[PDB]
Structures are given as C-alpha cells and as structure tokens.
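Remarks on the structure that follows.
Protein chains: 2
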Amino acid sequence: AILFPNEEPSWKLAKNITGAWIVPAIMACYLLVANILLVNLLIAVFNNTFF
Amino acid sequence: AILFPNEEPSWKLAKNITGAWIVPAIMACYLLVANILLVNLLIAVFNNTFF
C-alpha cells in the first residue's frame, strides 16, 4: 500500500492480491516474527507432543 | 506436465526426469508440506531418540 499510490481500482490489483523509507524497517521485523518466533514455536510444539 | 504440452516422446524428457495459473498455487503448498511438516517431524524424531 505504501509503494504504489496511484493505481485506479483494477482486477489487476486483485491479481496482485512518497516516503518509502518506512518500507525497509517494517519489512525486516516481519522476518523477525516469521522465521524466528513461530517457526521455533512450531518446533517446540512438535517436540513435546511426540511422547 | 502442465507447463510443456507438446513434447514428443524423447530421451530428453528422460534427462529432465494452457491455463498455467494452477501452477503457482500447487507449488506453494508443496513447500508447505516440505519445509514445514516433515522437517519439523524429523527434528521431533531426532530429539526424542537421543536418550
């Protein structure tokens, strides 16, 4: 939503479905809560359910 | 098999051994049952066998 301001309503948006420097930082924290916290929660909950 | 319709029988197919939009979706679910479910099953079964 930040990186494409002028995009008239389009079925193209559906197919996909100004200050860009917020975009790097809040990308990285996503990885910090995707490949760090739940994956290691999934490993913890597929290890103490085996017994 | 979807992405190469006209390929006459060939030893080339062996060396490798129309509506393409099904191809992305059923690719991703493959990763969802390759790098998510069995890898974490392998970690669970190489952790409660050590003792």
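Chains as they are written, first to last, in my numbering: chain A, 1308 to 1358; chain B, 1308 to 1358. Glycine included, every Cβ here is placed at the ideal spot set by N, Cα and C.
query                                                                               : result
Three-way DSSP call (helix, strand, coil) for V1352/B in this model                 : coil
Three-state class that DSSP yields for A1335/B in the structure shown               : helix
Beta-carbon neighbours of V1352/B, restricted to chain A and to distances below 8 Å : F1357
Cross-chain neighbours of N1347/B in chain A, by beta carbon under 7 Å              : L1349, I1350, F1353
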